[PDB]
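Here's the structure, in structure tokens; my notes come after.
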Amino acid sequence: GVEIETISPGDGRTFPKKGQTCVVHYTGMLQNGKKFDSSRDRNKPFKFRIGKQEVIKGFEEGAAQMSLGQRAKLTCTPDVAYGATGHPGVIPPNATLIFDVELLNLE
């Protein structure tokens, strides 16, 4: 499943809850070698609810186990990611994901 590595630690207490609006900068990279997307690059913070499933399952569960103000690496396995078909046109077949997550503020 999901495999968190801490980059820099946060508060170490206030995790995301049911119904909370997570506010996050990010940059998404494929299995070894190259990046595919970035929220920082586009000049706008990204907003997603936990529990209501507005995003992919690995992004929703890795974020929830992280702390407020934490920077961390999410090495999510393909079964909890886009996987065998992948996202048509966008995300290729058989791909372990690597996320550069930074939890700005819970709301």
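The sequence shown: position 100 = 100 (PDB author numbering), numbered continuously. Built from N, CA and C at the ideal position, the CB exists for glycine as well.
Determine the DSSP secondary structure at residue i, reduced to helix, strand or coil.
| i | result |
| --- | --- |
| residue 41 | coil |
| residue 107 | coil |
| residue 102 | strand |
| residue 23 | strand |
Whole angstroms is fine: what's the gap from residue i's alpha carbon to residue j's?
| i | j | result |
| --- | --- | --- |
| residue 23 | residue 44 | 10 Å |
| residue 68 | residue 8 | 11 Å |
| residue 41 | residue 82 | 22 Å |
| residue 58 | residue 11 | 22 Å |
| residue 70 | residue 90 | 28 Å |
| residue 102 | residue 72 | 7 Å |
| residue 75 | residue 107 | 26 Å |
| residue 96 | residue 39 | 20 Å |
| residue 63 | residue 56 | 11 Å |
Given a threshold of 16 other Cβ atoms within 10 Å of its Cβ, counted over all protein chains shown, does residue i qualify as buried or as exposed?
| i | result |
| --- | --- |
| residue 60 | buried |
| residue 53 | exposed |
| residue 51 | exposed |
| residue 16 | buried |
Please list the terminal residues of the continuous beta strand (DSSP E) segment that includes residue i.
| i | result |
| --- | --- |
| residue 48 | 46–49 |
| residue 74 | 71–76 |
| residue 7 | 4–8 |
Where does the unbroken alpha helix (DSSP H) through residue i begin, and where does it stop?
| i | result |
| --- | --- |
| residue 64 | 57–65 |
Could you say which of the options lies nearest to residue i if we only look at CA atoms?
| i | options | result |
| --- | --- | --- |
| residue 3 | 104, 87, 66, 85 | 66 |
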